[PDB]
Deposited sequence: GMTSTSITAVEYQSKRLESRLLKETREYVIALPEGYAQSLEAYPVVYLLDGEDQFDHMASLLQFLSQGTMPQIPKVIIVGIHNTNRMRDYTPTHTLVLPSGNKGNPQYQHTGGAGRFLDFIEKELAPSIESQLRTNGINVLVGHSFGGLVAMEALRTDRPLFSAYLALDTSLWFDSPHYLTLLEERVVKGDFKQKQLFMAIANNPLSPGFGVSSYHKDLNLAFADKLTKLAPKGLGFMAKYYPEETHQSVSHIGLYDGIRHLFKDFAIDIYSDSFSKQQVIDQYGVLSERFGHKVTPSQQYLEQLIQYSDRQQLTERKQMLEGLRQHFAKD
């Protein structure tokens, strides 16, 4: 269940369409939620949104409730590439739409100055914003991190097209990593085993770039960046967007869970750690605490019911 919306971009000089999925229970309180921005909305929103909602529903949600925003494309080669090139890594000319490359900076300015402000004005957001980009969308994610964009706390880069304008762009990326000292950011990379690489046909060049880059991040361990990568040998470039999101989003929010099987102070301290990791206050979801109190209340479960009440009162 989504809303279909439009925004006139004065920056990009065109109409921009997007889709919003509100979390179940949204209308029933003043709870503010995180926002997961999804690139390639037209292609990826349906399967990604349905997964995100499945993971957050039930009595034992695996991730918290989130607002989902799917961003639709107009000129993808312009908006998703951070640098300009007319050629593939082979030196051979890319398709005619390569003439438009190099506008990721401007597209990001649309997200931060036009889209996000509009979203945050319309809905109750909690200051935690996630960006999910697959393929070229991954370069938007890498470029947001590279340019120290303040909006996003966490990035999921699913089989990023790092081969694009390589070695030039990749070199800029590496140099940001070496400089390090990130503003409490998080990065997750899903790496697939695609047998092809654009410009080369049957080759592992695309894959090898991702694996080498992930290895360098791990080896350099820049300060202020939570990083994790997963290699999927049985996935392809396109098929990895679903499982990559699965594992990346579950990883991102794994420590938000409160296992009722434990004390009030343990929960406060755990959310303190999450607040410092995200670089923004993070408090347990009001809905989530109400369920726990219901699972306790309904099941006569210990002082736990009462620990959960005070804990609800703490963050009130």
Exercise. Show which contiguous pieces of the deposited sequence have no C-alpha coordinates, counting from residue 1.
Key: 1 to 10, 272 to 274, 330 to 331
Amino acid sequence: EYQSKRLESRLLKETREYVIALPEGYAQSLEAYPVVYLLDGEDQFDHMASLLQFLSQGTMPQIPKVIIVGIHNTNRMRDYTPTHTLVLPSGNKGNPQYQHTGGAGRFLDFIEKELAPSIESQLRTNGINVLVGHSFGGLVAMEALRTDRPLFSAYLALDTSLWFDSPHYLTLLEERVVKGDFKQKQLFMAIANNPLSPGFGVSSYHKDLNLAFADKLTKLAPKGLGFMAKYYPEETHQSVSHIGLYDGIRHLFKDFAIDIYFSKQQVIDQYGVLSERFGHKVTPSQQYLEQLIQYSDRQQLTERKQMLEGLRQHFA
From here on, numbers count along this sequence of modelled residues.
Quiz item: Hey, what third does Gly58 fall into on Cα B-factor, ranked over its chain?
Solution: highest
Quiz item: According to the PDB entry, is the CA B factor of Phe278 in the bottom, middle or top third of its chain, that is, lowest, middle or highest?
Solution: highest
Practice problem: Looking at the entry's B-factor column for C-alpha atoms only, identify whether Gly41 ranks in the lowest, middle or highest third of its chain. | Solution: highest
Exercise. Rank-wise, by C-alpha B-factor, drop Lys254 into the lowest, middle or highest third of its chain.
Key: highest
Practice problem: Grab the CA temperature factor for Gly201 from the record and place it in the lowest, middle or highest third of its chain. | Solution: middle
